[PDB]
Amino acid sequence: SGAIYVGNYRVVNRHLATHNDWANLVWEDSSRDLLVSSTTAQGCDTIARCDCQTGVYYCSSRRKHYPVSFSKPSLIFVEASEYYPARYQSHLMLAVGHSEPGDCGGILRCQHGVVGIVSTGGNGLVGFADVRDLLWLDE
Ligand SMILES: COc1ccccc1CN1C[C@@H](C(N)=O)CC1=O
Ligand SMILES: [Zn+2]
């Protein structure tokens with residue numbers, strides 16, 4: 001689990017969105033595994049606006065943060081789960097690291113701010129849904 005709070009928005013994994021997230025929907029993209037809902041309280045996370053390929057992510061199944069090198073956002077094949085059939089997920093970045101389903105929502109950060117959130121895993125890889133292109137999150 002985990003979310004990003006920036007301005008009047010909450011960014012979550014689309015497959016983990018709650019009833020309140022869907023009742024306050026701003027934008028959702030199934031191909032990205034992202035959903036953004038509106039909030040009443042002001043968030044103060046900072047979104048990175050950069051092309052970093054190194055950062056640190058939080059892994060709840062190890063209660064640890066790990067430094068990683070990650071690929072640029074791209075269209076990657078993701079195996080079927082209970083939430084989606086096998087498909088290409090867009091705007092996904094991979095790194096070598098540990099990730100279990102409950103790790104979704106953990107933040108990946110670089111020196112500039114929040115880069116994305118854990119969205120995939122298995123086979124010793126971890127995948128993060130990028131949010132750096134969503135420039136409207138700041139206005
Ligand atoms: C071994 O499976 C995982 C490991 C870590 C994280 C997630 C999974 C399996 N996923 C992938 C998600 C997606 N983005 O399509 C939905 C889901 O349940
Ligand atoms: Zn950066």
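Atom set for the values below is all heavy atoms of this structure, side chains included, hydrogens, waters and symmetry mates excluded. Just so you know, residue 1 is the first one in the sequence shown, and it goes up from there.
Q89 places no side-chain N or O within donor-acceptor distance of the main-chain N or O of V78, the cut-off being under 3.5 Å. Counting only distance, with no hydrogens or angles, the side chain of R14 and the backbone of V36 share no donor-acceptor pair below 3.5 Å. A donor-acceptor pair under 3.5 Å is absent between the side-chain atoms of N123 and the main chain of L125, judged by distance alone. In this structure, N13 contributes its side chain and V118 its backbone to a donor-acceptor pair below 3.5 Å. Looking at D130, its side chain never comes within 3.5 Å of a backbone N or O of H91 through a donor-acceptor pair.
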- prompt: Do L34 and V11 pass the side chain to side chain contact (heavy atoms under 4.5 Å, CB included) test, and can you show the C-alpha distance, the side-chain angles, and the key distance before you say yes or no?
  reply: CA-CA 7 Å; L34 287 183; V11 186; 4.2 Å; yes
task: Evaluate side chain to side chain contact (heavy atoms under 4.5 Å, CB included) for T120 paired with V126, printing each intermediate quantity in order.
output: CA-CA 6 Å; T120 72; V126 49; over 6 Å; no
task: For side chain to side chain contact (heavy atoms under 4.5 Å, CB included), just list the numbers for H65 and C59, CA-CA rounded to whole Å, side-chain angles, deciding distance to a tenth of an Å, and then say yes or no.
output: CA-CA 6 Å; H65 293 263; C59 178; over 6 Å; no
CA sep, side-chain torsions, deciding dist, call: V56, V68, side chain to side chain contact (heavy atoms under 4.5 Å, CB included): CA-CA 6 Å; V56 174; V68 284; over 6 Å; no
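Side-chain polar atoms of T18 and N20 form no donor-acceptor pair below 3.5 angstrom. Side chain to side chain, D103 and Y57 fail the donor-acceptor criterion of an N or O pair below 3.5 Å. There is no side-chain donor-acceptor pair under 3.5 Å between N24 and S37.
A 4.5 Å side-chain heavy-atom check between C52 and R132 finds at least one atom pair inside the cut-off. A heavy-atom distance below 4.5 Å is found between the side chains of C50 and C110. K72 has its side chain within reach of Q53: a pair of non-hydrogen atoms, C-beta onward, lies under 4.5 Å apart.
Across all their heavy atoms, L35 and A17 have their closest contact at CD1-CB, 3.8 Å. The shortest heavy-atom contact between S69 and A95 is O-CB, 3.2 Å. Across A41 and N8, no two heavy atoms sit closer than the pair O-OD1, 4.3 Å. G127 and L92 get closest at one heavy-atom pair: C-CD1, 3.8 Å. Taking every heavy atom of both residues into account, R87 and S30 meet most closely at NH2-O, 3.0 Å. Here the shortest heavy-atom pairing between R63 and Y58 reads CA-OH, 3.6 Å.
In terms of hydrophobic clustering, with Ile, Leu, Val, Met, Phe, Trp and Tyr side chains grouped at heavy-atom distances under 4.5 Å, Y66 and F70 are assigned to a common cluster. Residues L134 and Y5 fall into different hydrophobic clusters, defined by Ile, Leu, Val, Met, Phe, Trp and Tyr side chains chained together at heavy-atom separations under 4.5 Å. Under the 4.5 Å side-chain heavy-atom criterion for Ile, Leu, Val, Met, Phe, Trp and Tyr, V6 and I107 are members of the same hydrophobic cluster. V115 and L94 fall into different hydrophobic clusters, defined by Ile, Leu, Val, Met, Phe, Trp and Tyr side-chain heavy atoms under 4.5 Å apart, directly or through other members. Residues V114 and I117 fall within the same hydrophobic cluster, defined by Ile, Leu, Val, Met, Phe, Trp and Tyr side chains chained together at heavy-atom separations under 4.5 Å.
For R32 and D133, the salt-bridge test passes: some basic side-chain N is under 4.0 Å from an acidic carboxylate O. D21 has a carboxylate O that lies under 4.0 Å from a charged side-chain N of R10, or vice versa, which qualifies the two as a salt bridge. Comment: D138 engages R49 in a salt bridge, judged by a side-chain N to carboxylate O separation of less than 4.0 angstrom. The pair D45-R109 counts as a salt bridge, with a side-chain nitrogen and a carboxylate oxygen less than 4.0 angstrom apart.
Taken to the nearest 0.5 Å, the CZ atom of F128 stands 5.0 Å off from the CG atom of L108. Of the inter-residue distances, the one linking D29 atom CG with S90 atom OG reads 5.5 Å to the nearest 0.5 angstrom. Rounding to the nearest 0.5 Å places CD1 of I4 at 7.5 Å from CG of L137.
Ring geometry for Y83 against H15 counts as tilted: the plane angle lies between 30° and 60°, on a 0 to 90° scale.
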